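Q:
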Amino acid sequence: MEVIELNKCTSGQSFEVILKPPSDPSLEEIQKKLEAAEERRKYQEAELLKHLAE
Amino acid sequence: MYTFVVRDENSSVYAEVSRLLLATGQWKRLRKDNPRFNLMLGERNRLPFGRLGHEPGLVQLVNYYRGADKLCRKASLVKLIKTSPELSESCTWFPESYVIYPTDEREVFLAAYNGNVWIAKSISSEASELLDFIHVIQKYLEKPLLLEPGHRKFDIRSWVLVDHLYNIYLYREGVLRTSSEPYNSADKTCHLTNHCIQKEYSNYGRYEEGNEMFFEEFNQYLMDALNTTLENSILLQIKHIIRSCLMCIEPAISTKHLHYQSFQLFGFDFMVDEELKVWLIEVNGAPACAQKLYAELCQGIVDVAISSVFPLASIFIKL
Amino acid sequence: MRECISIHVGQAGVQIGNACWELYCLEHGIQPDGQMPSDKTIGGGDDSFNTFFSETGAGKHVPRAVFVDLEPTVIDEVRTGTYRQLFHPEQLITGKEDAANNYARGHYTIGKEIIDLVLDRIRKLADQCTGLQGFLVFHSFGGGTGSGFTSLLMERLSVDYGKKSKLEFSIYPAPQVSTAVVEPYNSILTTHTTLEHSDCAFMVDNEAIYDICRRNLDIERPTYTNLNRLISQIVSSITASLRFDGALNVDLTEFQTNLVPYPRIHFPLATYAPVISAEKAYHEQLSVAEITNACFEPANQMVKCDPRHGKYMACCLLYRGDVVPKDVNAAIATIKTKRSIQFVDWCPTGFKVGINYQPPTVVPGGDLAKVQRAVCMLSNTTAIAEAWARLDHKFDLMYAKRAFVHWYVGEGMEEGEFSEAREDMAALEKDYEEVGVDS
Amino acid sequence: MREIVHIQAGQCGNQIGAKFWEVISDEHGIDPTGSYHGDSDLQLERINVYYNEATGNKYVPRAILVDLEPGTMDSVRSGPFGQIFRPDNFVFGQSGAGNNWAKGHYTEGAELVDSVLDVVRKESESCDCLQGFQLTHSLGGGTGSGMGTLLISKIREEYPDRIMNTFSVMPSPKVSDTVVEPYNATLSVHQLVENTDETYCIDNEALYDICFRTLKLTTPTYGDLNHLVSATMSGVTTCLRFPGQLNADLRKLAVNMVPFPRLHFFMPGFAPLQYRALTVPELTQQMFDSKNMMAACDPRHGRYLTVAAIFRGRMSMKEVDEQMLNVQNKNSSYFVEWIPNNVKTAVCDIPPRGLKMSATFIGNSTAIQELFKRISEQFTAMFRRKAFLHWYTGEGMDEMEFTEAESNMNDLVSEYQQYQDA
Ligand SMILES: Nc1nc2c(ncn2[C@@H]2O[C@H](COP(=O)(O)OP(=O)(O)OP(=O)(O)O)[C@@H](O)[C@H]2O)c(=O)[nH]1
Ligand SMILES: Nc1ncnc2c1ncn2[C@@H]1O[C@H](COP(=O)(O)OP(=O)(O)CP(=O)(O)O)[C@@H](O)[C@H]1O
Ligand SMILES: COc1cc2c(c(OC)c1OC)-c1ccc(OC)c(=O)cc1[C@@H](NC(C)=O)CC2
Ligand SMILES: Nc1nc2c(ncn2[C@@H]2O[C@H](COP(=O)(O)OP(=O)(O)O)[C@@H](O)[C@H]2O)c(=O)[nH]1
Ligand SMILES: [Ca+2]
Ligand SMILES: [Ca+2]
Ligand SMILES: [Mg+2]
Ligand SMILES: [Mg+2]
Ligand SMILES: [Mg+2]
């Protein structure tokens, strides 16, 4: 059981005790995702408005 | 009205338990995947303990202790006994065993090898034959207590129930699974006292019905032949061994401060030598029961393990 | 001095954010009007508390925080609340209508229309920073905004602030505390999308806090205020090292370095002790040994699970109050011989300890009693995978029948994302198993 | 600010709509003149959801009154709270619909529909953020059934992203006006399946049975039936109208109550249906009782997909939670196991008038298929002989349109049975 890296100050202190040794998508890609979903909403709504028009 | 589910159809013991629950009119069986239950008779493998105790307004109980597999596996038991200070290598009531992979204790086993008969499992006097077969290699008790007449071998099965409060209950009725063939220290039928083996490879049922001798007969035998009782010569050691194993693993498996509760029925197997010393062979996490003892024991389970948590509207020895 | 920006998303994030900054002000001696008598350097400075607070010429100490919600009702209570003078109006961002417990609505539909505004307001705070460390993101798993918009935000933050660390405080859904039936969906969806963008995430199960408030505080039905003030104490204990003088976890990077060996497995388990009722007139002060032992009790964990049947990768002990290193070691030595503490073989069986002499601050009139010493243990255990398993199972039950799926598809999301997110969670559970379980 | 635009169409729709406004105006402390005289600010906190604020701090219902004959709307205007409604929101014709869906939907109704949409448009423009629409009507008549569903279709065309909510009164031979009611109801259900997000199924057979068997009324009138509907509508909209723990609107409700788009037909319930206060266990027991249901379906003949419950009054929140969990745990077989925690409860501290406490039930149960089966049998019995069809073909309809409506409702029934065996 060893205590290492003991640092002290006015606010308190810290240390480490050892007990045993061991044995991204770009902005463009995000925009496409958001726009692809938006266009899928637009298509679904257009189908609704078409269905209502009929 | 309490609710329960069944997730182990192959369970002989808990098939009777569920039957008794229904015969009270206060328990109702649910579908196997219904989460709104009070009691779970779970499966032997990969039981989802992680999903227990998260349903609002439900006290949940399960018929298995998570982590009890450490005691109920061949290699795990050997490792547990050696590495636990409360058991240690000087255990004295557990035969000299070594874990061998086909860690590990291969050199250490050979150092002790050099009566030199051992047995591999997961029987030979030559270490070369044992290793080439491969698991754990345990010292074979070459001097077992032999019943007369017959000059035959036996083992002792004890049923132990541990409730949610971690009370250790020993069933009064144990059983001796005896060999129907005479012992020969020079064919592994008179060496193995398993019921499935005796009912097949053996003179089966010659001396007692189905090679099962119960405590009252065995006690009377000890009094007539050795002028002693079962309690003194054997049960004291059995009760000691059971308590040693279960207390050792208690802080690892106890559900005292858990969001769910656990109980479990255990099957301890013992061997007795000619010096009337009791040796622990193994521990069964999902044991079966004797046919004539199903009625009493299963009712005992409902009474102390189930109804203690879910009260409705002793056959056990407390250790 | 290096700054940290806090981001609160959705109702849960905002209301918890309220509880935290209330506590922060009490700890640093900052009055609701923004004034801080302790600070002698007027209108500037690079003290430890400046990491969370900027300063104006009038001596006002302004939180480096942004509040975002897709509906105004929750944030409106901040604009007219006790700390209405504390925040700049720009920091408080609200939309018209919410995501309606729908991840897809918060992420795709509404998120697209407001994401640039949020990033711009965040950029405002970033320009005031001489050396921004990164971000602290507070949100729920279950809310449409908390799950949907947060994941989108985390993606864009990785783009605009690539070198910056991002920490999460996530609210795990519990039927005991006002959940919706679709919250398991939102939880898996947001965890999948946010996973590669979060360096370290602290999950808080509402079930755990609910039970702690019932058990320890004797509150039959805890309100959000009761829950959040308890959560704020844990959050404070975790972020105290960033706001005060010290040598442990002084920057956001240290959290990953000390707690997260494998990037995907970045969900440390938090455990706090002691939690004492303020109504309790007579109570004995617990010792260092007692509060440290309580860190290994499942009943004191932020997420209900069993660490006995898992393996540790890292462990950090954060003490506050009358605590000396001698008593800590005497406690640790004792605990090892009683508890089941199994570390992974490729890690040092040890503890990183941090101690702040100032005892935990409590809100006047609150439910929490003042204690002379308390501890928060941050341990990366594979046992926390139980929470993933529970959550994934509830996902599987509904998704097998495609229940509620049409709501998400109707918002422009593809059904494939459901399976993609679930497969990622399946892989995550497997990672925990390979690290924690033996054959 | 989550405003709702209310629409009431036809005789039944206007008579129940009027009663609804009388009840909630009282709960919000609004007098027949539209002036507030309450005692709590909790009454005014979410008043904007159903009321517009006038010049001199008067509150005017965001309600539109529609009919093809002036009779019922003359009664409403001369009613107790008749002066509270905006005069320009009275839209009516002179011809009537003669209990004919075709006249409401295709001929007489088509002439009046644009005038209604003008008022709808005007009310929507005065909303900070329109939450959705609410319609009260019957399915057995002509105006509420025919023109009502035409309105819904027209509204969805102009406001495709807004929630549509209906309180729809289902006809029954026990409380019948004409024999063509199954024709009108079947044609309407077809519309409701496609164009509503939430439909509360109010069965006149159930309303009658409750009045007769439970309330001990030997000769129930429409007024007695409407008292139950008015009380149910108040409880259903409680979390919309009053401040509380629950931060949710109509869309959040629809998202969590509707697992599959077509299956959005709810069984409403109410308790108690006296000066003796009810204990929480009693409220919970009665609320789940079939005799307190208003769809005339046996919940034990099916399974609950989702359940919402609203308790009103000052009571133990722990006891409420315990009793609700109790019912689920004691009857787990009547709740689908593939939707975890599918029963949610909300509590409002403010009780309705005349009760210290009450409970409102909203169930999405597969047992509702019994309601549609009943209508379908009555439909088929006449349609197989083309009985009374000339009333419809004389208005331009063809037999094919009846066959399609029948097919779609039988499909609806099969889909309910599909998830009852899941
Ligand atoms: N601990 C805690 N949890 C909260 C709080 N508010 C909401 N939650 C949890 O958050 C989940 C619901 O998500 P919300 O944050 O309320 O919803 P949202 O993020 O605003 O997203 P929307 O659906 O658009 O409203 C539920 O599981 C709640 O238990 C809070 O103040 N404290
Ligand atoms: N070291 C030993 N010395 C003597 N006999 C031994 C022995 N080890 C085992 N046996 C014999 O082993 C037989 C029991 O089987 P064992 O307990 O080894 O495993 P098993 O195959 O029975 C699995 P389970 O108990 O779960 O059914 C007994 O009949 C006993 O005679
Ligand atoms: C606007 O008023 C309501 C709005 C909602 C609900 C509700 O019933 C209790 C209401 O009162 C009628 C609601 C309903 C059911 C749920 O599951 C069936 C759910 O997950 C969740 C809910 C609500 N959320 C909670 C935590 O109760 C949100 C939607
Ligand atoms: N509950 C209730 N049902 C009504 C009322 N008035 C009519 N009904 C029912 O509605 C159907 C008649 O439709 P109605 O609204 O009168 O015709 P409409 O004016 O063309 O819409 C019949 O099934 C009646 O039983 C009422 O005031 N209350
Ligand atoms: Ca300063
Ligand atoms: Ca005309
Ligand atoms: Mg055996
Ligand atoms: Mg919200
Ligand atoms: Mg009429």
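Note that the protein sequences, when read in sequence, are chains E, F, A and B. Those letters in the first sequence? Residues 6 to 28, 44 to 74, per the deposited numbering, in order. Those letters in the second sequence? Residues 1 to 102, 125 to 136, 144 to 151, 162 to 173, 180 to 231, 235 to 250, 252 to 362, 373 to 378, per the deposited numbering, in order. Those letters in the third sequence? Residues 1 to 439, per the deposited numbering, in order. Those letters in the fourth sequence? Residues 1 to 42, 45 to 275, 282 to 360, 369 to 438, per the deposited numbering, in order. For every residue, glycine included, the Cβ atom is placed at its ideal position computed from N, Cα and C.
Using 8 Å as the limit for Cβ to Cβ distance, is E423 (chain A) near chain B?
A: In the third sequence, residue 423 (chain A) corresponds to position 423, counting from 1. It does not; no Cβ of chain B falls within 8 Å.
Q: Which chain F residues sit within Cβ distance under 7 Å of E330 (chain B)?
A: Looking up residue 330 (chain B) in the fourth sequence gives position 322. Residues of chain F passing the Cβ test: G57.
Q: Can you grab the Cα-Cα spacing for the pair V177 (chain B) / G142 (chain B), in whole Å?
A: Position 175 of the fourth sequence, counting from 1, holds the residue named residue 177 (chain B). Position 140 of the fourth sequence, counting from 1, holds the residue named residue 142 (chain B). Their backbone Cα atoms lie some 11 Å apart in a straight line.
Q: Could you say if the region 216-229 of chain A and the region 359-369 of chain A meet the contact criterion of at least three C-beta pairs nearer than 8 Å?
A: yes
Q: Spatial neighbours of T381 (chain A) within its chain, please: CB distance less than 6 Å, with the 5 preceding and 5 following residues excluded, ordered by chain position.
A: Taking the first residue of the third sequence as 1, we reach residue 381 (chain A) at position 381. Within the same chain, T381 (chain A) has close Cβ partners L269, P307, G310, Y312.
Q: Tell me, please, whether the CB atom of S381 (chain B) is closer than 8 Å to any CB atom in chain F?
A: Walking along the fourth sequence from the start, residue 381 (chain B) turns up at place 365. No, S381 (chain B) lies away from the interface with chain F (no Cβ there is under 8 Å from its Cβ).
Q: Taking DSSP as the reference, what is the three-state secondary structure of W407 (chain A)?
A: Position 407 of the third sequence holds residue 407 (chain A). It is helical.
Q: Pull up the distance between the alpha-carbon of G17 (chain B) and that of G148 (chain B), whole angstroms please.
A: Taking the fourth sequence and counting its residues from 1, one reaches residue 17 (chain B) at position 17. Taking the fourth sequence and counting its residues from 1, one reaches residue 148 (chain B) at position 146. Approximately 17 Å between the Cα atoms of the pair.
Q: Heavy atom of ligand 5 less than 7 Å from the Cβ of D47 (chain A), yes or no?
A: Position 47 of the third sequence holds residue 47 (chain A). Yes, Cβ of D47 (chain A) sits closer than 7 Å to a heavy atom of ligand 5.
Q: Could you tell me the alpha carbon to alpha carbon distance between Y224 (chain A) and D251 (chain B), rounded to whole angstroms?
A: Translated into the one-based positions of the third sequence, residue 224 (chain A) becomes position 224. Translated into the one-based positions of the fourth sequence, residue 251 (chain B) becomes position 249. When rounded, the distance between both Cα atoms is 20 Å.
Q: Going straight from the alpha carbon of residue 440 (chain A) to that of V437 (chain A), what length do you get?
A: Outside the shown range of chain A, which is 1 to 439, sits residue 440 (chain A), and nothing can be said about it.
Q: With 16 other CB atoms within 10 Å as the buried threshold, where does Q85 (chain A) fall?
A: Here residue 85 (chain A) refers to the residue found at position 85 of the third sequence. Exposed: under 16 other Cβ atoms inside 10 Å.
Q: Is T376 (chain B) near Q331 (chain B), with beta carbons less than 8 Å apart?
A: The residue you call residue 376 (chain B) lines up with position 360 of the fourth sequence. The residue you call residue 331 (chain B) lines up with position 323 of the fourth sequence. Against a cut-off of 8 Å, the Cβ pair of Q331 (chain B) and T376 (chain B) comes out as no contact.
Q: Among residues of its own chain, excluding the 5 on either side of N102 (chain B), which ones have a beta-carbon nearer than 6 Å to its beta-carbon?
A: Looking up residue 102 (chain B) in the fourth sequence gives position 100. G144, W407.
Q: Taking the alpha-carbon of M320 (chain F) as reference, which of F:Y98, F:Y135, F:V62, F:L240 has the nearest alpha-carbon?
A: What you label residue 320 (chain F) is simply residue 271 of the second sequence in a count that begins at 1. Nearest of F:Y98, F:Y135, F:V62, F:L240 to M320 (chain F), Cα basis: F:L240.
Q: Whose C-alpha, out of A:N329, A:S187, A:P32, is nearest the C-alpha of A421 (chain A)?
A: Numbered from its first residue, the third sequence carries residue 421 (chain A) at position 421. Cα-wise, what sits closest to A421 (chain A) is A:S187.
Q: Tell me whether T241 (chain F), by its Cβ, gets closer than 7 Å to a heavy atom of ligand 2.
A: Against the second sequence, residue 241 (chain F) aligns to sequence position 193. Correct: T241 (chain F) has its Cβ closer than 7 Å to ligand 2.
Q: What is the DSSP secondary structure of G44 (chain A), counted as helix, strand or coil?
A: Position 44 of the third sequence, counting from 1, holds the residue named residue 44 (chain A). Three-state result, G44 (chain A): coil.
Q: Tell me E55 (chain B)'s beta-bridge partners as DSSP assigns them.
A: As a first step, residue 55 (chain B) is located in the fourth sequence; it is residue number 53 there, counting from the start. Per DSSP, B:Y61.
Q: Assign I173 (chain F) to buried or exposed, taking buried as 16 or more other Cβ atoms, counted over all protein chains shown, within 10 Å of its Cβ.
A: Position 134 of the second sequence, counting from 1, holds the residue named residue 173 (chain F). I173 (chain F) should be labelled exposed.
Q: Could you spell out where the alpha helix (DSSP H) holding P227 (chain F) opens and where it closes?
A: Along the second sequence, read from residue 1 onward, the residue named residue 227 (chain F) stands at position 182. That residue, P227 (chain F), is in no alpha helix (DSSP H); its beta strand (DSSP E) goes 220-227.
Q: Pair every Cβ in the region 379-391 of chain B with every Cβ in the region 413-421 of chain B, then say whether three or more of these pairs are closer than 8 Å.
A: The region 413-421 of chain B and the region 379-391 of chain B do not touch, with fewer than three beta-carbon pairs separated by less than 8 Å.
Q: In angstroms with no decimal places, state the Cα-to-Cα distance between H28 (chain B) and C356 (chain B).
A: What you label residue 28 (chain B) is simply residue 28 of the fourth sequence in a count that begins at 1. What you label residue 356 (chain B) is simply residue 348 of the fourth sequence in a count that begins at 1. The alpha-carbon atoms of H28 (chain B) and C356 (chain B) are separated by roughly 14 Å.
Q: Does the CB of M40 (chain F) have a neighbour CB from chain B at under 8 Å?
A: By one-based count along the second sequence, residue 40 (chain F) stands at place 40. No, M40 (chain F) lies away from the interface with chain B (no Cβ there is under 8 Å from its Cβ).
Q: Determine, using beta carbons only, whether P102 (chain F) comes closer than 8 Å to chain A.
A: Within the second sequence, residue 102 (chain F) is the residue found at index 102, counting from 1. For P102 (chain F), the answer is no, since every Cβ of chain A falls outside 8 Å of its Cβ.
Q: If you measure between the beta carbons of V5 (chain F) and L21 (chain F), is that distance less than 8 Å?
A: Numbered from its first residue, the second sequence carries residue 5 (chain F) at position 5. Numbered from its first residue, the second sequence carries residue 21 (chain F) at position 21. Their beta carbons are not under 8 Å apart, which means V5 (chain F) does not touch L21 (chain F) by this criterion.
Q: Would you say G57 (chain A) touches ligand 5, meaning its beta carbon is less than 7 Å from a heavy atom?
A: Translated into the one-based positions of the third sequence, residue 57 (chain A) becomes position 57. Placement of the Cβ of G57 (chain A) at a distance of 7 Å or more from every heavy atom of ligand 5 is found.
Q: Strictly by DSSP, which residues pair up with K184 (chain F)?
A: Walking along the second sequence from the start, residue 184 (chain F) turns up at place 139. Note: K184 (chain F) sits in a beta bridge opposite F:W147.
Q: Would DSSP call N50 (chain B) helix, strand or coil?
A: Working through the fourth sequence from its first residue, we reach residue 50 (chain B) at position 48. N50 (chain B): helix per DSSP, three-state reduction.
Q: Please state the DSSP three-state secondary structure of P270 (chain B).
A: The count along the fourth sequence starts at 1 and reaches residue 270 (chain B) at position 268. If DSSP states are grouped into helix, strand and coil, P270 (chain B) belongs with the strands.
Q: Under 8 Å, do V327 (chain F) and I355 (chain F) count as touching if we go by C-beta distance?
A: By one-based count along the second sequence, residue 327 (chain F) stands at place 278. By one-based count along the second sequence, residue 355 (chain F) stands at place 306. No, the Cβ-Cβ distance between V327 (chain F) and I355 (chain F) is not below 8 Å.
Q: Are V9 (chain A) and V137 (chain A) close, meaning C-beta to C-beta below 8 Å?
A: Numbered from its first residue, the third sequence carries residue 9 (chain A) at position 9. Numbered from its first residue, the third sequence carries residue 137 (chain A) at position 137. Yes, they are a contact pair.
Q: Inspect the CB distances between the region 167-174 of chain B and the region 127-141 of chain B and report whether three or more fall short of 8 Å.
A: yes
Q: I'd like to confirm the pairing. Which residues does DSSP put opposite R202 (chain F) in its beta bridges?
A: Position 157 of the second sequence holds residue 202 (chain F). Answer is F:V220, F:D318, bridged to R202 (chain F).
Q: Along the beta strand (DSSP E) that carries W328 (chain F), what are the first and last residues, could you check?
A: Working through the second sequence from its first residue, we reach residue 328 (chain F) at position 279. Note, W328 (chain F): beta strand (DSSP E), 327-333.
Q: Within 8 Å (strictly less), CB to CB, does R123 (chain B) reach chain E?
A: In the fourth sequence, counting from the first residue as 1, residue 123 (chain B) sits at position 121. False, the Cβ-Cβ gap to chain E never drops below 8 Å.
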